[PDB]
$ cat target_16.cif   # mmCIF, C-alpha atoms
data_model
loop_
_atom_site.group_PDB
_atom_site.id
_atom_site.type_symbol
_atom_site.label_atom_id
_atom_site.label_comp_id
_atom_site.auth_asym_id
_atom_site.auth_seq_id
_atom_site.Cartn_x
_atom_site.Cartn_y
_atom_site.Cartn_z
ATOM 1 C CA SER A 1 0.000 0.000 0.000
ATOM 2 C CA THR A 2 0.864 3.649 -0.269
ATOM 3 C CA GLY A 3 -0.584 6.982 0.761
ATOM 4 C CA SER A 4 -0.144 10.561 -0.492
ATOM 5 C CA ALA A 5 -1.484 13.706 1.174
ATOM 6 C CA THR A 6 -1.035 17.404 0.535
ATOM 7 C CA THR A 7 0.327 19.472 3.407
ATOM 8 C CA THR A 8 -0.509 23.198 3.555
ATOM 9 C CA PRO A 9 1.102 26.093 5.436
ATOM 10 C CA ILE A 10 -1.148 27.412 8.209
ATOM 11 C CA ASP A 11 -0.178 31.006 7.454
ATOM 12 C CA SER A 12 1.842 33.281 5.197
ATOM 13 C CA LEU A 13 5.093 32.605 7.092
ATOM 14 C CA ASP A 14 5.033 28.790 6.953
ATOM 15 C CA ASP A 15 4.877 28.706 10.771
ATOM 16 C CA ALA A 16 3.598 25.141 10.474
ATOM 17 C CA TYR A 17 1.928 22.777 8.015
ATOM 18 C CA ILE A 18 -1.394 20.951 8.280
ATOM 19 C CA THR A 19 -2.370 17.730 6.578
ATOM 20 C CA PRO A 20 -5.913 16.327 6.439
ATOM 21 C CA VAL A 21 -6.421 13.034 8.295
ATOM 22 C CA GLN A 22 -9.536 10.850 8.342
ATOM 23 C CA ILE A 23 -10.425 9.427 11.779
ATOM 24 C CA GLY A 24 -13.203 7.004 12.554
ATOM 25 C CA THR A 25 -16.316 5.679 10.856
ATOM 26 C CA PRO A 26 -17.865 7.651 9.246
ATOM 27 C CA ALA A 27 -14.728 9.640 8.635
ATOM 28 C CA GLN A 28 -14.080 12.730 10.721
ATOM 29 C CA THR A 29 -11.492 14.847 8.935
ATOM 30 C CA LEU A 30 -9.066 16.784 11.127
ATOM 31 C CA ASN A 31 -6.112 18.901 10.011
ATOM 32 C CA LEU A 32 -3.063 17.624 11.846
ATOM 33 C CA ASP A 33 0.479 18.863 12.258
ATOM 34 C CA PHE A 34 2.718 16.018 11.046
ATOM 35 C CA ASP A 35 5.627 16.063 13.467
ATOM 36 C CA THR A 36 8.773 13.987 12.897
ATOM 37 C CA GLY A 37 10.008 15.232 16.299
ATOM 38 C CA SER A 38 7.342 13.502 18.425
ATOM 39 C CA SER A 39 5.446 10.242 18.530
ATOM 40 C CA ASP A 40 1.887 10.915 19.721
ATOM 41 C CA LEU A 41 -1.193 11.223 17.502
ATOM 42 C CA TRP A 42 -3.433 13.489 19.552
ATOM 43 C CA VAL A 43 -6.506 15.485 18.675
ATOM 44 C CA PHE A 44 -8.852 18.148 19.902
ATOM 45 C CA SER A 45 -11.990 16.269 20.866
ATOM 46 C CA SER A 46 -15.436 16.279 22.406
ATOM 47 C CA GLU A 47 -13.584 15.655 25.670
ATOM 48 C CA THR A 48 -11.416 18.775 25.483
ATOM 49 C CA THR A 49 -12.167 21.372 28.164
ATOM 50 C CA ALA A 50 -14.614 23.728 26.446
ATOM 51 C CA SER A 51 -12.786 26.940 27.376
ATOM 52 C CA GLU A 52 -9.679 25.540 25.687
ATOM 53 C CA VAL A 53 -11.338 24.948 22.298
ATOM 54 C CA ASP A 54 -11.452 28.007 19.993
ATOM 55 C CA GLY A 55 -12.236 27.180 16.379
ATOM 56 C CA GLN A 56 -10.593 23.783 16.036
ATOM 57 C CA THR A 57 -12.321 20.802 14.510
ATOM 58 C CA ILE A 58 -12.872 18.097 17.127
ATOM 59 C CA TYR A 59 -12.912 14.327 17.071
ATOM 60 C CA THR A 60 -16.024 12.867 18.688
ATOM 61 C CA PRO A 61 -15.325 9.176 19.519
ATOM 62 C CA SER A 62 -18.958 8.493 20.432
ATOM 63 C CA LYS A 63 -19.945 9.225 16.788
ATOM 64 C CA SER A 64 -17.445 6.694 15.406
ATOM 65 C CA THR A 65 -18.639 3.095 15.149
ATOM 66 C CA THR A 66 -15.031 1.847 15.056
ATOM 67 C CA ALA A 67 -13.813 3.815 18.112
ATOM 68 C CA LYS A 68 -12.868 1.752 21.162
ATOM 69 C CA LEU A 69 -11.743 3.143 24.516
ATOM 70 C CA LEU A 70 -8.219 2.006 25.347
ATOM 71 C CA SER A 71 -9.174 1.292 28.905
ATOM 72 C CA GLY A 72 -6.965 2.771 31.585
ATOM 73 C CA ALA A 73 -4.693 4.558 29.106
ATOM 74 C CA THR A 74 -3.649 8.165 29.609
ATOM 75 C CA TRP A 75 -1.143 10.428 27.869
ATOM 76 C CA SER A 76 0.635 13.657 28.669
ATOM 77 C CA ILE A 77 3.150 15.526 26.549
ATOM 78 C CA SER A 78 5.225 18.695 26.754
ATOM 79 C CA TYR A 79 6.938 20.162 23.696
ATOM 80 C CA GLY A 80 10.201 22.095 23.365
ATOM 81 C CA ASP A 81 8.309 25.374 22.991
ATOM 82 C CA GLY A 82 6.739 24.855 26.407
ATOM 83 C CA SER A 83 3.342 23.844 25.062
ATOM 84 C CA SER A 84 1.547 20.754 26.382
ATOM 85 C CA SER A 85 -1.570 18.589 26.249
ATOM 86 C CA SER A 86 -2.980 15.475 27.933
ATOM 87 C CA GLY A 87 -5.963 13.136 28.007
ATOM 88 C CA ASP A 88 -7.178 9.597 27.413
ATOM 89 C CA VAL A 89 -6.951 7.198 24.470
ATOM 90 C CA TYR A 90 -9.131 5.498 21.887
ATOM 91 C CA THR A 91 -8.221 3.120 19.097
ATOM 92 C CA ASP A 92 -9.821 3.891 15.753
ATOM 93 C CA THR A 93 -9.374 3.738 12.003
ATOM 94 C CA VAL A 94 -7.030 6.463 10.694
ATOM 95 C CA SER A 95 -6.403 7.210 7.022
ATOM 96 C CA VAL A 96 -3.874 9.556 5.462
ATOM 97 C CA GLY A 97 -4.078 10.177 1.750
ATOM 98 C CA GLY A 98 -5.591 6.794 0.935
ATOM 99 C CA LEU A 99 -3.497 4.765 3.407
ATOM 100 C CA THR A 100 -5.508 3.174 6.205
ATOM 101 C CA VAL A 101 -4.472 1.879 9.616
ATOM 102 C CA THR A 102 -6.999 0.081 11.787
ATOM 103 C CA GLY A 103 -6.543 0.120 15.558
ATOM 104 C CA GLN A 104 -4.471 3.307 15.623
ATOM 105 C CA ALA A 105 -4.104 4.933 19.029
ATOM 106 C CA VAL A 106 -5.911 8.259 18.816
ATOM 107 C CA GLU A 107 -5.070 10.307 21.895
ATOM 108 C CA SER A 108 -8.028 12.442 22.898
ATOM 109 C CA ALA A 109 -7.169 15.733 24.563
ATOM 110 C CA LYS A 110 -8.871 16.599 27.818
ATOM 111 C CA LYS A 111 -6.481 19.527 28.299
ATOM 112 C CA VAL A 112 -4.366 21.625 25.921
ATOM 113 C CA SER A 113 -2.135 24.605 26.702
ATOM 114 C CA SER A 114 -2.925 28.109 25.522
ATOM 115 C CA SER A 115 -0.608 27.889 22.527
ATOM 116 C CA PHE A 116 -2.751 25.149 21.028
ATOM 117 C CA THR A 117 -6.050 26.867 21.874
ATOM 118 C CA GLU A 118 -4.840 30.046 20.219
ATOM 119 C CA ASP A 119 -4.034 28.283 16.961
ATOM 120 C CA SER A 120 -7.404 27.634 15.356
ATOM 121 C CA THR A 121 -5.829 26.000 12.279
ATOM 122 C CA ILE A 122 -4.219 22.996 14.029
ATOM 123 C CA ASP A 123 -6.626 20.255 15.201
ATOM 124 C CA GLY A 124 -3.911 18.036 16.648
ATOM 125 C CA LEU A 125 -0.549 16.406 15.981
ATOM 126 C CA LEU A 126 0.467 13.238 14.189
ATOM 127 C CA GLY A 127 3.839 12.112 15.444
ATOM 128 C CA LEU A 128 6.335 10.470 13.098
ATOM 129 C CA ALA A 129 9.381 10.064 15.331
ATOM 130 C CA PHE A 130 10.173 6.656 16.824
ATOM 131 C CA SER A 131 7.495 4.960 18.910
ATOM 132 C CA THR A 132 9.842 4.819 21.900
ATOM 133 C CA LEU A 133 8.934 8.483 22.556
ATOM 134 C CA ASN A 134 5.195 7.803 22.660
ATOM 135 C CA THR A 135 3.728 8.996 25.985
ATOM 136 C CA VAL A 136 0.781 6.629 26.432
ATOM 137 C CA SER A 137 0.783 4.859 29.805
ATOM 138 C CA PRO A 138 0.718 2.069 30.936
ATOM 139 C CA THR A 139 1.094 0.607 27.431
ATOM 140 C CA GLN A 140 3.180 2.665 24.973
ATOM 141 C CA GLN A 141 1.490 2.989 21.596
ATOM 142 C CA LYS A 142 2.843 2.900 18.042
ATOM 143 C CA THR A 143 2.910 5.785 15.575
ATOM 144 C CA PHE A 144 0.821 5.804 12.413
ATOM 145 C CA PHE A 145 3.964 5.062 10.378
ATOM 146 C CA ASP A 146 5.016 2.197 12.645
ATOM 147 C CA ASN A 147 1.551 0.634 12.363
ATOM 148 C CA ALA A 148 1.472 1.074 8.558
ATOM 149 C CA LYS A 149 5.072 0.040 7.892
ATOM 150 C CA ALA A 150 4.681 -3.659 7.168
ATOM 151 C CA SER A 151 1.821 -3.022 4.748
ATOM 152 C CA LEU A 152 3.689 -0.335 2.836
ATOM 153 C CA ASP A 153 5.282 -1.100 -0.536
ATOM 154 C CA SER A 154 8.513 0.240 0.979
ATOM 155 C CA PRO A 155 8.998 1.084 4.689
ATOM 156 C CA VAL A 156 9.483 4.828 4.123
ATOM 157 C CA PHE A 157 7.733 8.126 4.189
ATOM 158 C CA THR A 158 8.818 11.342 2.526
ATOM 159 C CA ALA A 159 8.436 15.023 3.373
ATOM 160 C CA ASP A 160 8.322 17.567 0.568
ATOM 161 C CA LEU A 161 7.441 20.847 2.273
ATOM 162 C CA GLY A 162 6.699 23.931 0.225
ATOM 163 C CA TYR A 163 8.025 27.465 0.544
ATOM 164 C CA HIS A 164 4.937 29.626 0.943
ATOM 165 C CA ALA A 165 3.119 26.844 -0.869
ATOM 166 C CA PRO A 166 1.583 23.424 -0.362
ATOM 167 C CA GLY A 167 3.695 20.290 -0.358
ATOM 168 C CA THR A 168 3.358 16.555 0.055
ATOM 169 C CA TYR A 169 3.747 13.735 2.543
ATOM 170 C CA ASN A 170 4.053 10.339 0.872
ATOM 171 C CA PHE A 171 3.971 6.942 2.547
ATOM 172 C CA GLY A 172 5.400 3.772 1.117
ATOM 173 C CA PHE A 173 7.084 5.101 -2.019
ATOM 174 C CA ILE A 174 9.612 7.595 -3.327
ATOM 175 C CA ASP A 175 8.264 9.953 -6.036
ATOM 176 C CA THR A 176 11.235 10.207 -8.394
ATOM 177 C CA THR A 177 9.619 13.200 -10.156
ATOM 178 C CA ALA A 178 9.667 15.261 -6.964
ATOM 179 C CA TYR A 179 13.393 16.034 -6.731
ATOM 180 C CA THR A 180 16.411 16.896 -8.867
ATOM 181 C CA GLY A 181 19.688 14.997 -8.931
ATOM 182 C CA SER A 182 20.164 12.097 -6.557
ATOM 183 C CA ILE A 183 19.101 11.365 -2.996
ATOM 184 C CA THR A 184 22.018 11.253 -0.580
ATOM 185 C CA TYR A 185 21.421 8.964 2.379
ATOM 186 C CA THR A 186 22.997 9.457 5.781
ATOM 187 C CA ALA A 187 23.064 7.474 9.034
ATOM 188 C CA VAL A 188 20.445 7.828 11.754
ATOM 189 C CA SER A 189 20.751 7.324 15.485
ATOM 190 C CA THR A 190 17.503 6.336 17.189
ATOM 191 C CA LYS A 191 19.024 6.430 20.684
ATOM 192 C CA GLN A 192 17.020 9.544 21.660
ATOM 193 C CA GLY A 193 13.918 8.499 19.686
ATOM 194 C CA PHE A 194 14.483 11.092 16.959
ATOM 195 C CA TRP A 195 15.506 11.082 13.319
ATOM 196 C CA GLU A 196 18.958 12.144 14.499
ATOM 197 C CA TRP A 197 21.797 12.539 11.996
ATOM 198 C CA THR A 198 25.083 14.366 11.497
ATOM 199 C CA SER A 199 25.447 17.121 8.943
ATOM 200 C CA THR A 200 28.903 17.389 7.411
ATOM 201 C CA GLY A 201 29.105 21.189 7.574
ATOM 202 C CA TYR A 202 27.859 24.516 6.299
ATOM 203 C CA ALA A 203 28.405 27.554 4.110
ATOM 204 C CA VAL A 204 26.993 31.099 4.304
ATOM 205 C CA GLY A 205 25.994 32.564 0.969
ATOM 206 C CA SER A 206 28.796 32.239 -1.582
ATOM 207 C CA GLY A 207 31.290 31.535 1.198
ATOM 208 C CA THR A 208 33.563 28.535 1.405
ATOM 209 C CA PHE A 209 32.181 25.376 2.933
ATOM 210 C CA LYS A 210 33.215 24.678 6.529
ATOM 211 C CA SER A 211 33.626 20.962 7.194
ATOM 212 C CA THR A 212 32.361 20.285 10.697
ATOM 213 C CA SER A 213 30.053 17.666 12.216
ATOM 214 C CA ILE A 214 26.673 19.008 13.313
ATOM 215 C CA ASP A 215 24.507 16.489 15.120
ATOM 216 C CA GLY A 216 20.802 17.323 14.908
ATOM 217 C CA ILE A 217 17.267 16.105 14.272
ATOM 218 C CA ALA A 218 15.068 16.257 11.215
ATOM 219 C CA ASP A 219 11.926 17.772 12.731
ATOM 220 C CA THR A 220 8.922 18.762 10.585
ATOM 221 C CA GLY A 221 7.175 19.990 13.759
ATOM 222 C CA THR A 222 9.680 22.790 14.408
ATOM 223 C CA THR A 223 9.425 25.959 12.323
ATOM 224 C CA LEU A 224 12.998 27.225 12.333
ATOM 225 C CA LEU A 225 16.576 26.013 11.925
ATOM 226 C CA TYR A 226 18.368 25.812 15.281
ATOM 227 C CA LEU A 227 22.137 25.416 15.112
ATOM 228 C CA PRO A 228 25.199 25.974 17.362
ATOM 229 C CA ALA A 229 25.822 29.583 18.378
ATOM 230 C CA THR A 230 29.111 29.666 16.426
ATOM 231 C CA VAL A 231 27.345 28.721 13.184
ATOM 232 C CA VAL A 232 24.447 31.075 13.755
ATOM 233 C CA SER A 233 26.780 33.983 14.560
ATOM 234 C CA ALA A 234 28.743 33.348 11.358
ATOM 235 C CA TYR A 235 25.485 33.512 9.378
ATOM 236 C CA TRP A 236 24.074 36.722 10.848
ATOM 237 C CA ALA A 237 27.435 38.500 10.686
ATOM 238 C CA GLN A 238 26.838 38.531 6.917
ATOM 239 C CA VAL A 239 23.570 40.430 7.303
ATOM 240 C CA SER A 240 23.953 44.166 7.706
ATOM 241 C CA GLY A 241 22.197 45.445 10.801
ATOM 242 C CA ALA A 242 21.429 42.000 12.183
ATOM 243 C CA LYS A 243 21.653 41.535 15.939
ATOM 244 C CA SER A 244 20.662 39.100 18.677
ATOM 245 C CA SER A 245 17.877 40.585 20.760
ATOM 246 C CA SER A 246 17.308 39.254 24.253
ATOM 247 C CA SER A 247 13.964 41.084 24.404
ATOM 248 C CA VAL A 248 12.780 39.413 21.206
ATOM 249 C CA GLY A 249 14.548 36.147 22.004
ATOM 250 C CA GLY A 250 16.798 35.714 19.019
ATOM 251 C CA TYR A 251 18.373 37.224 15.939
ATOM 252 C CA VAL A 252 16.502 39.989 14.157
ATOM 253 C CA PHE A 253 17.394 42.003 11.099
ATOM 254 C CA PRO A 254 16.227 45.021 9.156
ATOM 255 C CA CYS A 255 13.712 44.003 6.602
ATOM 256 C CA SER A 256 15.633 46.169 4.087
ATOM 257 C CA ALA A 257 18.584 43.734 4.286
ATOM 258 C CA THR A 258 19.191 40.962 1.770
ATOM 259 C CA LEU A 259 19.603 37.513 3.325
ATOM 260 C CA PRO A 260 22.339 35.183 2.121
ATOM 261 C CA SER A 261 21.584 31.562 1.466
ATOM 262 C CA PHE A 262 22.637 28.909 3.959
ATOM 263 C CA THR A 263 24.082 25.595 2.773
ATOM 264 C CA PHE A 264 24.212 22.464 4.909
ATOM 265 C CA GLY A 265 26.105 19.274 4.163
ATOM 266 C CA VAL A 266 24.621 15.818 3.736
ATOM 267 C CA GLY A 267 27.616 13.569 3.274
ATOM 268 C CA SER A 268 29.394 14.958 0.225
ATOM 269 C CA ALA A 269 26.161 16.569 -1.022
ATOM 270 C CA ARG A 270 24.858 20.070 -0.327
ATOM 271 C CA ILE A 271 21.381 21.446 0.383
ATOM 272 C CA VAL A 272 20.994 25.174 -0.250
ATOM 273 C CA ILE A 273 18.449 27.143 1.777
ATOM 274 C CA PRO A 274 17.614 30.302 -0.197
ATOM 275 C CA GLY A 275 17.900 33.535 1.756
ATOM 276 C CA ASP A 276 14.175 34.266 1.420
ATOM 277 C CA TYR A 277 13.395 31.088 3.432
ATOM 278 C CA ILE A 278 15.163 32.620 6.434
ATOM 279 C CA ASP A 279 12.818 35.673 6.623
ATOM 280 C CA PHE A 280 9.984 35.286 9.165
ATOM 281 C CA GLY A 281 8.699 38.800 8.922
ATOM 282 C CA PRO A 282 8.172 41.673 11.287
ATOM 283 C CA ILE A 283 8.525 40.928 14.998
ATOM 284 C CA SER A 284 5.261 42.851 15.467
ATOM 285 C CA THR A 285 2.817 44.328 12.975
ATOM 286 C CA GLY A 286 4.330 47.402 11.386
ATOM 287 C CA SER A 287 7.846 46.832 12.699
ATOM 288 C CA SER A 288 10.855 47.277 10.468
ATOM 289 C CA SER A 289 12.617 44.594 12.513
ATOM 290 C CA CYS A 290 12.267 41.073 11.066
ATOM 291 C CA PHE A 291 12.693 37.752 12.848
ATOM 292 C CA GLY A 292 15.370 35.405 11.566
ATOM 293 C CA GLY A 293 14.768 31.810 10.554
ATOM 294 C CA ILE A 294 18.171 30.579 11.746
ATOM 295 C CA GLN A 295 18.562 30.726 15.517
ATOM 296 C CA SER A 296 20.881 29.366 18.184
ATOM 297 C CA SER A 297 20.218 25.944 19.681
ATOM 298 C CA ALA A 298 22.221 26.826 22.803
ATOM 299 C CA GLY A 299 20.135 25.769 25.763
ATOM 300 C CA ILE A 300 17.788 23.588 23.701
ATOM 301 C CA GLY A 301 20.353 20.846 24.108
ATOM 302 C CA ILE A 302 20.016 19.613 20.539
ATOM 303 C CA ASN A 303 20.336 21.070 17.046
ATOM 304 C CA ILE A 304 17.077 21.070 15.059
ATOM 305 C CA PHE A 305 16.756 20.893 11.306
ATOM 306 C CA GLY A 306 13.231 22.276 11.268
ATOM 307 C CA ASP A 307 11.013 23.394 8.386
ATOM 308 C CA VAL A 308 13.386 26.194 7.263
ATOM 309 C CA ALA A 309 15.952 23.527 6.386
ATOM 310 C CA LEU A 310 13.667 20.661 5.413
ATOM 311 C CA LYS A 311 11.527 22.685 2.984
ATOM 312 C CA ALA A 312 14.673 23.288 0.889
ATOM 313 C CA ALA A 313 14.874 19.509 0.280
ATOM 314 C CA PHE A 314 13.067 16.354 -0.616
ATOM 315 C CA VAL A 315 13.491 14.288 2.547
ATOM 316 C CA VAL A 316 13.255 10.515 2.849
ATOM 317 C CA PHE A 317 12.528 9.055 6.269
ATOM 318 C CA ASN A 318 13.657 5.464 5.732
ATOM 319 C CA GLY A 319 12.282 3.112 8.384
ATOM 320 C CA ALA A 320 14.153 0.052 7.174
ATOM 321 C CA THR A 321 15.538 -2.225 9.896
ATOM 322 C CA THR A 322 18.452 0.178 10.113
ATOM 323 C CA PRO A 323 16.850 3.588 9.616
ATOM 324 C CA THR A 324 18.435 6.292 7.491
ATOM 325 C CA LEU A 325 17.605 9.772 6.199
ATOM 326 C CA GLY A 326 17.821 10.849 2.572
ATOM 327 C CA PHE A 327 18.084 14.375 1.241
ATOM 328 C CA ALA A 328 17.721 15.631 -2.306
ATOM 329 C CA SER A 329 17.595 19.084 -3.860
ATOM 330 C CA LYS A 330 14.371 19.981 -5.650
#
$ encode --input "target_16.cif" --output "structure tokens"
Amino acid sequence: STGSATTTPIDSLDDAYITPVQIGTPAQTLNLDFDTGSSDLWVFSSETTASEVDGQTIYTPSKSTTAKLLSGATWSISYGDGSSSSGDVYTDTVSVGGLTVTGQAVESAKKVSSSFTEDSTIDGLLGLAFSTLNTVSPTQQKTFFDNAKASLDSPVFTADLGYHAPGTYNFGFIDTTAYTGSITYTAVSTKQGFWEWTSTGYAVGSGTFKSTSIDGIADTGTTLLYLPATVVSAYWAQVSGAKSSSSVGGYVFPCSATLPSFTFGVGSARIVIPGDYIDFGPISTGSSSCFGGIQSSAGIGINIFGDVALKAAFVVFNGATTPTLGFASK
């Protein structure tokens, strides 16, 4: 089997991407944030505290003939941005772009933090990291990909995120028309439950490539590119007027400046992030100060190849017995 679904930016800045997902019988379609940095499929629901729902589409298990309470199961998650949610668990039929899993754990939110409430466009998350990070207790549950894997033509999914445009998540096949050149594959460590890999270095604009190992995660659920402070400083030093603002909480730059590209290494290959991808617009409406899309990972404790980086590539998440990551230009 295979599946193919279009993923759409939630706003004009590509702050996140939503993908339609069918849950239950008859289908209830929710727009979920596909997140390769976490491993819970959770949704706004009929059980979510009313004051914490503000425009989202909810899953109502009682209206699904295939929904079954996973008795005694609870879940609770906190994300790197300080957001959180928690609740109980059902199993139900879940389909993504034609690909169907029966008995998928669908984690029903009883509580969500303000960040989620305030984002009317995201109805929940669909985690695509390794199932070892799944928070369901007492019995850890498998991700949608893990459950689908054996049925897939090939045990892979791919992320092809658009710049200010829709893109595609595919399951079970590699669309050879979707990228240029070849796909370069690189080793993955699953020891922390992430799609963790080591970039071979970087360049800033037309500058010479610096060979240096950068360990980080491929995370579709994180907006920006978070790299070591040395790397980030070298980038913004090439932008006139750029500075790190403690009050804003990262690097900002005058919107009149031109941003250089940023290149990162995948083995001997190179992915180029165009300068425009690194512009996340005014810090506040009407401001001439713009927020940068490359920020320091210092104090996160891990480097994150988020959407800024990933949307410059066609990315293969290979869930073969020994997982790997593939990157191609497009």
$ closest_residue --input "target_16.cif" --among "A:115, A:297, A:158, A:212" --to "residue 326 of chain A" --atoms "only C-alpha atoms"
A:158
$ resolve_selection --input "target_16.cif" --expression "the PyMOL selection byres ((chain A and resi 234-240) around 9)" --output "list in words"
residues 203, 204, 205, 229, 230, 231, 232, 233, 241, 242, 243, 244, 251, 252, 253, 254, 257, 258, 259, 260, 262, 292 and 294 of chain A
$ residues_around --input "target_16.cif" --residues "segment 53-65 of chain A" --least-positions-apart "2" --cutoff "7 Å" --atoms "all atoms listed in the file" --output "PyMOL selection string"
chain A and resi 24-26+28+30+43-46+48-51+67+117-118+120-123
$ closest_residue --input "target_16.cif" --among "A:12, A:256, A:113, A:131" --to "residue 190 of chain A" --atoms "all atoms listed in the file"
A:131
$ axis_aligned_box --input "target_16.cif" --around "segment 154-164 of chain A" --padding-each-side "4 Å" --output "AutoDock Vina command-line options"
--center_x 7.2 --center_y 14.9 --center_z 2.5 --size_x 12.5 --size_y 37.4 --size_z 12.5
$ resolve_selection --input "target_16.cif" --expression "the PyMOL selection byres ((chain A and resi 89) around 9)" --output "PyMOL selection string"
chain A and resi 42+68-75+87-88+90-91+105-109+136
$ write_last_selection --input "target_16.cif" --atoms "C-alpha atoms" --output "compact mmCIF listing (two decimals), in the coordinates of the input"
# COMPACT_ATOMS: atom_id res chain seq x y z
CA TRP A 42 -3.43 13.49 19.55
CA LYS A 68 -12.87 1.75 21.16
CA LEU A 69 -11.74 3.14 24.52
CA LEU A 70 -8.22 2.01 25.35
CA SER A 71 -9.17 1.29 28.90
CA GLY A 72 -6.96 2.77 31.58
CA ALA A 73 -4.69 4.56 29.11
CA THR A 74 -3.65 8.16 29.61
CA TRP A 75 -1.14 10.43 27.87
CA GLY A 87 -5.96 13.14 28.01
CA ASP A 88 -7.18 9.60 27.41
CA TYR A 90 -9.13 5.50 21.89
CA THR A 91 -8.22 3.12 19.10
CA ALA A 105 -4.10 4.93 19.03
CA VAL A 106 -5.91 8.26 18.82
CA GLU A 107 -5.07 10.31 21.90
CA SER A 108 -8.03 12.44 22.90
CA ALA A 109 -7.17 15.73 24.56
CA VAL A 136 0.78 6.63 26.43
$ closest_residue --input "target_16.cif" --among "A:265, A:162, A:82, A:127" --to "residue 8 of chain A" --atoms "only C-alpha atoms"
A:162
$ atom_distance --input "target_16.cif" --atom1 "atom CA of residue 157 of chain A" --atom2 "atom CA of residue 322 of chain A"
14.6 Å
$ closest_residue --input "target_16.cif" --among "A:137, A:247, A:86, A:93" --to "residue 110 of chain A" --atoms "all atoms listed in the file"
A:86
$ atom_distance --input "target_16.cif" --atom1 "atom CA of residue 279 of chain A" --atom2 "atom CA of residue 293 of chain A"
5.8 Å
$ closest_residue --input "target_16.cif" --among "A:248, A:308, A:96, A:328" --to "residue 222 of chain A" --atoms "only C-alpha atoms"
A:308
$ residues_around --input "target_16.cif" --residues "residue 13 of chain A" --least-positions-apart "4" --cutoff "8 Å" --atoms "only C-alpha atoms" --output "JSON, numbers by chain"
{"A": [9, 164, 280, 281]}
$ resolve_selection --input "target_16.cif" --expression "the PyMOL selection byres ((chain A and resi 97) around 7)" --output "PyMOL selection string"
chain A and resi 3-5+95-96+98-99
$ closest_residue --input "target_16.cif" --among "A:178, A:223, A:321, A:315" --to "residue 277 of chain A" --atoms "all atoms listed in the file"
A:223
$ residues_near_point --input "target_16.cif" --point "(23.6, 25.4, 11.4)" --cutoff "8 Å" --atoms "all atoms listed in the file" --output "ChimeraX atom specification"
/A:201-202,214,225-228,231-232,264,294,303
$ atom_distance --input "target_16.cif" --atom1 "atom CA of residue 213 of chain A" --atom2 "atom CA of residue 191 of chain A"
17.9 Å
$ residues_around --input "target_16.cif" --residues "residue 200 of chain A" --least-positions-apart "4" --cutoff "12 Å" --atoms "all atoms listed in the file" --output "PDB file with C-alpha atoms, in the frame of the given file"
ATOM      1  CA  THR A 186      22.997   9.457   5.781  1.00  0.00           C
ATOM      2  CA  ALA A 187      23.064   7.474   9.034  1.00  0.00           C
ATOM      3  CA  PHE A 209      32.181  25.376   2.933  1.00  0.00           C
ATOM      4  CA  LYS A 210      33.215  24.678   6.529  1.00  0.00           C
ATOM      5  CA  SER A 211      33.626  20.962   7.194  1.00  0.00           C
ATOM      6  CA  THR A 212      32.361  20.285  10.697  1.00  0.00           C
ATOM      7  CA  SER A 213      30.053  17.666  12.216  1.00  0.00           C
ATOM      8  CA  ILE A 214      26.673  19.008  13.313  1.00  0.00           C
ATOM      9  CA  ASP A 215      24.507  16.489  15.120  1.00  0.00           C
ATOM     10  CA  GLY A 216      20.802  17.323  14.908  1.00  0.00           C
ATOM     11  CA  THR A 263      24.082  25.595   2.773  1.00  0.00           C
ATOM     12  CA  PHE A 264      24.212  22.464   4.909  1.00  0.00           C
ATOM     13  CA  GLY A 265      26.105  19.274   4.163  1.00  0.00           C
ATOM     14  CA  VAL A 266      24.621  15.818   3.736  1.00  0.00           C
ATOM     15  CA  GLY A 267      27.616  13.569   3.274  1.00  0.00           C
ATOM     16  CA  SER A 268      29.394  14.958   0.225  1.00  0.00           C
ATOM     17  CA  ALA A 269      26.161  16.569  -1.022  1.00  0.00           C
ATOM     18  CA  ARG A 270      24.858  20.070  -0.327  1.00  0.00           C
ATOM     19  CA  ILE A 271      21.381  21.446   0.383  1.00  0.00           C
TER      20      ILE A 271
END
$ decode --input "target_16.cif" --residues "segment 107-114 of chain A" --atoms "N, CA and C atoms" --output "PDB file, in the first residue's frame"
ATOM      1  N   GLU A 107      -5.166   9.772  20.538  1.00  0.00           N
ATOM      2  CA  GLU A 107      -5.070  10.307  21.895  1.00  0.00           C
ATOM      3  C   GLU A 107      -5.949  11.544  21.984  1.00  0.00           C
ATOM      4  N   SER A 108      -6.981  11.433  22.809  1.00  0.00           N
ATOM      5  CA  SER A 108      -8.028  12.442  22.898  1.00  0.00           C
ATOM      6  C   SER A 108      -7.686  13.448  23.976  1.00  0.00           C
ATOM      7  N   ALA A 109      -7.565  14.709  23.601  1.00  0.00           N
ATOM      8  CA  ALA A 109      -7.169  15.733  24.563  1.00  0.00           C
ATOM      9  C   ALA A 109      -8.295  16.095  25.521  1.00  0.00           C
ATOM     10  N   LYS A 110      -8.006  16.004  26.811  1.00  0.00           N
ATOM     11  CA  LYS A 110      -8.871  16.599  27.818  1.00  0.00           C
ATOM     12  C   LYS A 110      -8.385  18.014  28.123  1.00  0.00           C
ATOM     13  N   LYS A 111      -7.080  18.230  28.007  1.00  0.00           N
ATOM     14  CA  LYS A 111      -6.481  19.527  28.299  1.00  0.00           C
ATOM     15  C   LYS A 111      -5.442  19.846  27.241  1.00  0.00           C
ATOM     16  N   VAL A 112      -5.402  21.111  26.820  1.00  0.00           N
ATOM     17  CA  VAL A 112      -4.366  21.625  25.921  1.00  0.00           C
ATOM     18  C   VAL A 112      -3.886  22.973  26.458  1.00  0.00           C
ATOM     19  N   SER A 113      -2.630  23.322  26.215  1.00  0.00           N
ATOM     20  CA  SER A 113      -2.135  24.605  26.702  1.00  0.00           C
ATOM     21  C   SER A 113      -2.552  25.713  25.745  1.00  0.00           C
ATOM     22  N   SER A 114      -2.370  26.948  26.194  1.00  0.00           N
ATOM     23  CA  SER A 114      -2.925  28.109  25.522  1.00  0.00           C
ATOM     24  C   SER A 114      -2.442  28.218  24.089  1.00  0.00           C
TER      25      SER A 114
END
